[PDB]
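Okay, structure first, notes after.
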Amino acid sequence: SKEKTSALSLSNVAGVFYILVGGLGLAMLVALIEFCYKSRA
Amino acid sequence: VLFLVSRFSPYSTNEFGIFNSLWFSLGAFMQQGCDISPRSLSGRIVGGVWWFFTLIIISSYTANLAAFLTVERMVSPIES
Amino acid sequence: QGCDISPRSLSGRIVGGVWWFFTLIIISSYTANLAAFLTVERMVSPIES
Amino acid sequence: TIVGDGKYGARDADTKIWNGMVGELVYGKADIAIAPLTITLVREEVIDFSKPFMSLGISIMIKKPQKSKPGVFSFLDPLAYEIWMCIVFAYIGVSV
Amino acid sequence: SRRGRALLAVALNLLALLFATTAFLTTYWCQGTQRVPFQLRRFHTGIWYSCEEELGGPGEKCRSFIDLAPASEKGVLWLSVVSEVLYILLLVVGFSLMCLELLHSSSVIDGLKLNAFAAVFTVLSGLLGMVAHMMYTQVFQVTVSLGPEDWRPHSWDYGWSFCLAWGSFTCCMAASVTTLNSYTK
Amino acid sequence: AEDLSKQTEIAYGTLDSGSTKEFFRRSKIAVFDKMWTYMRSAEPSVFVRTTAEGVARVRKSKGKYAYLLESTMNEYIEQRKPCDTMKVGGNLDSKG
Amino acid sequence: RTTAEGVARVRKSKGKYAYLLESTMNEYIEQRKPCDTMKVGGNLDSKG
Ligand SMILES: N[C@@H](Cn1oc(=O)[nH]c1=O)C(=O)O
């Protein structure tokens, strides 16, 4: 019967920030390799 | 990151300035949207990942704000 | 439903900024509290004294 | 009286010696044991038992599982893995 | 003008070096207090050494933070410190090429792409930087919840030098957009 | 007891002198004989000499030890302060 | 009246009617079609 009013901690949505930054560096990877190919062609 | 992506890639004219990129990311986060559209593929990635960020957080916010006011009606204010 | 026009002024985008965060609270406040009535119901007594 | 050694009762298979509450009644030191003692066959042969005043079973006691730290990918807990796959499969097709 | 924008961009990077390395060396990230049954002990920790005040004097008994945790969370914590050390050193790669940005420095010609790769690195610094601040606060929170007994902190409150750690990641970006502004103009 | 026989992530034992340990040694059920073999095979100290010692062994293990004991032994620990442990599954066997 | 009638009420009452009975009769009914009755809990008693 003793249930609590608990806010979400950062651990609950923790991986969403991880796949945010992983999605950021992937776009950093693509923004490099799209300018390099047009500079070759 | 989105401001850095628009300048580096060739994809002209660039509607993603440091005043504009802070505006496009806000409308995505408040789920309203904005007028400009990222056109480079690396620009569409940085839009799409921020999109999946704001759909988890707000839905976590709305579920947890339902989670308080569900408990607040099951208090059983002891009567006898 | 974010409309097609978009503000092009800094003091305007402060207005367009703070009005957005007003809505994301209230509508999520509305969905939250309407979950409270359908899940946990209190049939209130019409008289109490 | 407390059992002097403190054990419920056992025999070493090597030395064939009962110790604990069992070894006290077999050797004649104690007179009776009204205690949590199981009626087993190796106890039935050495001492006599009445009908059970209580019946039981062997359970397993663990620490009550508190909520863990949620995982890295614990955000996608409310939907099945099969759903997210079928979304992305359908996300391709509606685009095509 | 265009030399004036490069001057602030390096000086904000030097703030980001000073604010991060302060955080990495100071053991005052988490201002907490612990008690023995009515005596209370203030303490403070970081990633390396948890230094606890003792009564009867100054105290400052310093205990290692890495082995303090349980094992799987420690395994995350092995990756967090490496993520922060790589943030500091790739900040050092950042402003050093911003020292080549200067007009009295190496060259004007092919100086634009020198300004290009460095600001890439400052983004790649703070992205690994913010995650390093993420992985500590998650793991430290577990140690507050599940850690070895005779010490349980009442308040997990984040103190000074860790707000400065957020100010470091803050000033990583304002310096990086201005050299992006210097790249486009 | 099946899943404890499928996985040794959490160690499990009994009391070092008692009919319950004696029951597992004389067991011919394919599960329980496997359960008896692991108790003696790898030993940092598996068995305990006291029930309350094993109760202290479980609660301070952070879920890494499970103490096998009797049913009416186990309901009294669950309705005691601090009510930190619980029964899992059900009774393994009939005893008296 | 008999066990075969009492277990049949469980098939028709849609989970509103529990029929207490012995364990070894409870296991054999579980292993026969429609396999739509489930033992819950452990033994309340021990008999022979
Ligand atoms: N009491 C039982 C044996 N036993 O009791 C425990 O608490 N553990 C255990 O193995 C007996 O031998 O009769």
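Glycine gets a Cβ as well: all are built from the backbone with ideal geometry, and neighbour counts include every protein chain shown. Every number here is computed from the coordinates shown, using simple stated rules; none is lab data.
If B:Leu65 satisfies all but one of (1) part of a helix (DSSP H, G or I); (2) on the phi > 0 side of the Ramachandran plot, what's the number of the condition it fails?
Result: B:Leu65 fails condition (2) only.
Looking at segment B:64-80, is at least one residue surrounded by fewer than 18 Cβ atoms within 10 Å (Cβ to Cβ), more than 10 Å from chain A (Cβ to nearest Cβ), among the acidic types (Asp, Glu) and within 30 Å of A:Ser1 (Cα to Cα)?
yes
I'm trying to understand the selection: among the residues of segment F:44-60, which are closer than 28 Å to D:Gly23 by Cα, out of contact with any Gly (no Cβ under 9 Å at 6 or more places or on another chain) and of a type outside the set (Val, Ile, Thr)?
Of everything in segment F:44-60, those that are closer than 28 Å to D:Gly23 by Cα, out of contact with any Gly (no Cβ under 9 Å at 6 or more places or on another chain) and of a type outside the set (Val, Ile, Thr) turn out to be F:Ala52, F:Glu53, F:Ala56.
Taking segment D:55-69 only, how many residues are more than 12 Å from F:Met73 (Cα to Cα) and at the interface with chain F (Cβ under 7 Å from one of its Cβ atoms)?
Residues that pass the stated criteria total 4.
Any idea which of E:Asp157, E:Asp150 is closer than 22 Å to E:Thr22 by Cβ and exposed (fewer than 15 other Cβ atoms within 10 Å of the Cβ)?
E:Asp157
From the set of residues in segment D:31-54 that are under 16 Å from D:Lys7 (Cα atoms) and away from chain F (no Cβ under 11 Å), which is farthest from the ligand (Cβ to nearest atom)?
Once the filter is applied, the top-ranked residue is D:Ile32.
Take residues that are facing chain D (nearest Cβ under 8 Å) and more than 10 Å from the ligand (Cβ to nearest atom) and tell me which of the helices (runs of 4 or more DSSP H) falling wholly in segment F:15-96 contain 1 or more.
Those helices (runs of 4 or more DSSP H) span F:51-59, F:71-78.
With assigned to a helix (DSSP H, G or I), among the β-branched types (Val, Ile, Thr) and at the interface with chain B (Cβ under 7 Å from one of its Cβ atoms) as the only criterion, which of C:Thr31, C:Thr23 stands out? Can you show your working first?
Details: C:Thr23 fails: at the interface with chain B (Cβ under 7 Å from one of its Cβ atoms).
Step by step, each of C:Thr31, C:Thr23 is checked, and only C:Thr31 is assigned to a helix (DSSP H, G or I), among the β-branched types (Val, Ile, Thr) and at the interface with chain B (Cβ under 7 Å from one of its Cβ atoms).
Here's the yes/no breakdown for (1) part of a helix (DSSP H, G or I); (2) within 9 Å of chain B (Cβ to nearest Cβ); (3) at positive phi:
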site	(1), (2), (3)
A:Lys2	no, no, no
A:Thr5	no, yes, no
A:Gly22	yes, yes, no
A:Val30	yes, yes, no
A:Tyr37	yes, no, no
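Is at least one residue of segment B:7-28 of a type outside the set (S, T, N, Q) and within 26 Å of D:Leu79 (Cα to Cα)?
yes
Checking A:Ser11 against (1) touching a helix residue (DSSP H, G or I) at 6+ places or on another chain (Cβ under 8 Å); (2) more than 7 Å from every other protein chain (Cβ to nearest Cβ), which single condition isn't satisfied?
So the condition that A:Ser11 fails would be (2).
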